[PDB]
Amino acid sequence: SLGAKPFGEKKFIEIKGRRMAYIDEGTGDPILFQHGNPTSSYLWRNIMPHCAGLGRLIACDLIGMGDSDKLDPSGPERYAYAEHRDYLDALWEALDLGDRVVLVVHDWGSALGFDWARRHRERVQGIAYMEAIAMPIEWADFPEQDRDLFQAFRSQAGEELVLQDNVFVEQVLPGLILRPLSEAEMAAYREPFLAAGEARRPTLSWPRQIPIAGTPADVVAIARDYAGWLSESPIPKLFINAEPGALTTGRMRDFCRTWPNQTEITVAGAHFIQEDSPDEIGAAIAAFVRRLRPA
């Protein structure tokens, strides 16, 4: 169902001097849920219950996000993709996941998840994805309604828009959920970014990392790598499509529909679809996991 209550309490692990937070409930092979920008593990709160009894349910908060520690010094060079991967790879190793991991990913969580699967293919039992960064794109592929704002985040205007005005959290997030959020839900997303300044840097560094029109070249190369691999991988996949959707539409959606060994369902939503159709999403992930883990 819908609801504002988190799925569980946060557990903490020390990673490279910083404490990272994650939800970890149940037992069995992992079903790893990874949020993107400007969210946290909270994004999956109404989806994880659907997998009760199917495995160890885990949802990690990326560095500087959710209840994971902020990095200091922080500035324009902090929280780039590579730095996030460095912290997340270490946390996932620390969690002792074994080799039958089912990844459930969204947004930057999909870029990080796809990248890790390419690099640990024998340990991935299945991949469920939605509103993902499935390949490098062009501005023409970006949702029309937010094109100017994302170009502004990528310009020097980004610091005022995000560090001072907190626009990713206050405008983009609610703007890409079809239903109105309650104060408790909005408070849960605002919490890590309440303080003006560098505390909000992760929500500004992330849009500056999207592989668009070949820039930044390093992330474009990384996405090109996992896109090519996923398109040829026999790993079971579940494509949770959205209507109207946002990022995984047009060319990117056509590309994803070519991936092999894939099941598809479509749910109502824009970008943060977990807030609009959690039960339909959770039920399909549960059906997928039951096929992968015949009891």
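Note that residue numbering follows the sequence shown and begins at 1.
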**Report entry** Mean C-alpha temperature factor, higher of 197 to 205 and 72 to 80
**Finding:** 72 to 80
Report summary line: As the entry reports it, the stretch among 83 to 91 and 144 to 152 with higher mean C-alpha B factor is 144 to 152
Query raised in the report: Out of 173, 162, 103, 210, which one has a C-alpha B factor higher than all the others in the entry?
Result: 103
Query raised in the report: Can you tell me which of 275, 14, 24, 280 has the highest Cα temperature factor in the record?
Result: 24
Requested in this report: Could you tell me which third, lowest, middle or highest, the C-alpha B-factor of residue 189 occupies within its chain?
Outcome: lowest
Query raised in the report: In terms of the CA temperature factor given in the entry, to which third of its chain does residue 263 belong: lowest, middle or highest?
Result: highest
**Report entry** Lowest, middle or highest third - CA B-factor, residue 33
**Finding:** middle
Report summary line: Of the three thirds of the chain ranked by Cα temperature factor, residue 243 occupies the middle
Query raised in the report: Can you tell me which third, lowest, middle or highest, the CA B-factor of residue 133 falls into for its chain?
Result: middle
